[PDB]
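Both counts, for ligands and for their atoms, begin at 1 and track the order of listing. We count residues from 1, following the sequence as given.
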Amino acid sequence: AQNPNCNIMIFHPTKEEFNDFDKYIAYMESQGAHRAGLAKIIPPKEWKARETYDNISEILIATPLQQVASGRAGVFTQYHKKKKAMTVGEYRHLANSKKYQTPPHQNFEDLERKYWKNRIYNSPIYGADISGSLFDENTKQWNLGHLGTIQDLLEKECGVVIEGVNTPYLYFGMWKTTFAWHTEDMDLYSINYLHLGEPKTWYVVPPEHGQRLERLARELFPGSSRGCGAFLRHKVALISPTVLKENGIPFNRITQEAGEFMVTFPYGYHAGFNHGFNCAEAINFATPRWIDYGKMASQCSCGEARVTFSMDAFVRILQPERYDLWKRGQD
Ligand SMILES: O=C(O)CNC(=O)C(=O)O
Ligand SMILES: [Mg+2]
Ligand code: NI
Ligand SMILES: [Zn+2]
């Protein structure tokens, strides 16, 4: 069995290997990459996403979100307070202000220590889930707006044609902006490209061990767990690496830098934080191997998770027994 310790693997494809996206994902899996839940892909030196980032300041962040924490430094939830619209140039200025800017630090490990010590005492503002793309239309390789759609994959594997679309999303971050512990909708894959700016640190639990994280989360967030049998779908709970280690939860960590891709694999729980002002692009995708995970994915039906239009068909076809309860939670 390849990668039996479930380490995060880093890949350096050649320009020739960068042509066929599906083939390369399958290659990474042949080497055991999925066992970690997360892999890094460093593009060949010949590749670029676009020519420059000099002309992005006029993108609008219609609903910036202030991430307010509650709890203790290593075990907390966050809620998202809506703020007034601002442009990417305005948001960049805010991220660099004395109130929000990255503090002085020695290295990524020192900054990680500072994050976990101090995160809860601040409320950073995140531009999330902005439909759009920064890939140039002429970028032919690993262009996240030109991937094969999940609806086409389901039709190819299973024979059923379904409604829905699959487009990318932009994220504008600042110091301490946080992504809570989660798997993807319907336990899909994700791919994330860090277009510019400061790093993103990731934590991940191997898919084979995801239920260990879920059991800890139920213990640590006992009211939330009574409220919903899949409350991590709410995407609000944080648990630090120190707390994970104290509770024996298997996990790994890695820092993504500008110009690098990360892939999350089906049922790979992940969480993390941004080091400073940055911009990332991400999208969900599927392969044949996903279908069995989609059939078994948990679902939130309490009303909190609320998701895209295109998840309806996935539940309807892959999980017909759950569909009526889930759809009630959507309405
Ligand atoms: O970068 C972020 O805030 C969160 N991204 C992801 O969870 C992802 O790409 O799957
Ligand atoms: Mg612009
Ligand atoms: Ni994710
Ligand atoms: Zn719920």
Side-chain angles (χ1 to χ4, degrees), residues 8 34 36-41 50 52-62 64-65 67 78 80 85-92 95 115 119 124-130 132-134 136 142 144 147 150 166-205 207 210 213 232-238 254-258 260-286 290 293 297 305 307-308:
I8 299 166
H34 57 294
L38 183 67
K40 177 179 292 194
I41 310 91
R50 68 176 305 107
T52 80
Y53 290 89
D54 294 335
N55 304 118
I56 67 169
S57 303
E58 314 304 304
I59 292 172
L60 193 67
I61 307 170
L65 301 175
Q67 305 187 291
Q78 59 187 11
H80 293 174
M86 77 184 75
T87 65
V88 163
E90 291 162 341
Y91 178 85
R92 181 176 60 230
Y115 175 85
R119 159 71 184 95
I125 294 168
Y126 203 3
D129 301 306
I130 294 159
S133 187
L134 292 171
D136 184 315
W142 287 57
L144 299 188
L147 303 177
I150 298 160
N166 178 202
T167 56
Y169 297 89
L170 300 178
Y171 300 80
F172 292 94
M174 69 168 62
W175 169 234
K176 282 170 175 174
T177 51
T178 301
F179 53 111
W181 281 106
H182 70 286
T183 64
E184 304 300 309
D185 289 344
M186 217 70 188
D187 296 346
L188 280 158
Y189 295 73
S190 67
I191 181 162
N192 181 301
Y193 182 68
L194 190 51
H195 280 284
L196 64 95
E198 303 317 305
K200 188 186 298 287
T201 291
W202 299 69
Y203 304 91
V204 59
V205 173
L213 183 69
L232 295 174
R233 293 286 169 207
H234 306 169
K235 309 191 305 184
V236 305
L238 279 301
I254 193 169
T255 300
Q256 177 194 20
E257 298 188 75
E260 305 177 339
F261 289 92
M262 304 299 297
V263 165
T264 83
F265 295 87
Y267 198 60
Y269 275 102
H270 55 284
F273 63 88
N274 295 307
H275 293 208
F277 170 69
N278 67 15
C279 171
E281 182 171 341
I283 197 176
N284 296 118
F285 71 92
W290 168 67
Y293 288 90
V307 303
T308 184

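Taking the six-membered ring for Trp and the full ring otherwise, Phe273 and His275 have centroids separated by under 6.0 Å.
Neither the backbone nor the side chain of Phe261 comes within contact range of ligand 1; no heavy atom lies under 4.0 Å. Counting heavy atoms under 4.0 Å from ligand 1, residue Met262 does not touch it at all.
When all heavy atoms are compared, the tightest approach of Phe265 to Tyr189 is CD2-CE2, 3.5 Å. Smallest separation of non-hydrogen atoms from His182 and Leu232: CB-O, 4.2 Å. The two residues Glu257 and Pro199 have their closest heavy-atom pair at CG-CG, 4.3 Å.
A heavy-atom separation below 4.0 Å is not found between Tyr169 and ligand 1.
Counting protein heavy atoms only, atom 6 (C) of ligand 1 is closest to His270 NE2, 4.0 Å. When only non-hydrogen protein atoms are considered, atom 10 (O) of ligand 1 lies nearest to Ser190 OG, 2.8 Å. Atom 1 (O) of ligand 1 has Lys200 NZ, 2.9 Å as its closest protein atom, hydrogens excluded (heavy atom only). Counting protein heavy atoms only, atom 3 (O) of ligand 1 is closest to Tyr126 OH, 2.5 Å.
When each atom of ligand 1 is checked for a heavy atom of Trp202 under 4.0 Å away, the hits are 8 (C), 9 (O). Residue contact check: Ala282 has heavy atoms under 4.0 Å from atoms 9 (O) of ligand 1.
Of the polar atoms of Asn192, at least one N or O is found under 3.5 Å from an N or O of ligand 1, judged by distance alone. Where the criterion is an N or O separation shorter than 3.5 Å, residue side chain and backbone included, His182 meets it with respect to ligand 1.
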Note to self: Using the rule given for ring-ring contact (aromatic ring centres under 6.0 Å, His included), can you reason through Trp290 versus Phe285, listing the C-alpha separation, both sets of side-chain angles and the distance that settles it, and then say yes or no?
What the structure shows: CA-CA 9 Å; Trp290 168 67; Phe285 71 92; over 10 Å; no
Note to self: Run the side chain to side chain donor-acceptor pair (under 3.5 Å) test on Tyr171 and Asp129 for me, step by step, so that the C-alpha distance in whole Å, both residues' side-chain angles and the decisive distance to 0.1 Å come before the verdict.
What the structure shows: CA-CA 6 Å; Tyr171 300 80; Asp129 301 306; 2.9 Å; yes
Notebook entry, point to check: So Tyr115 and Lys176, side-chain contact (heavy atoms from CB on, under 4.5 Å) or not? Walk me through it.
Noted result: CA-CA 7 Å; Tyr115 175 85; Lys176 282 170 175 174; 4.0 Å; yes
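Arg92 and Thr87 share no donor-acceptor pair across their side chains, judged by distance under 3.5 Å alone. Remark: the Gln67 side chain and the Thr177 side chain contain no N/O donor-acceptor pair separated by less than 3.5 Å.
Expressed to the nearest 10°, the angle at the Ni ion (ligand 3) joining NE2 in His270 with NE2 in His182 is 90°.
The N, O or S atom of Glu184 with the smallest distance to the Ni ion (ligand 3) is OE2.
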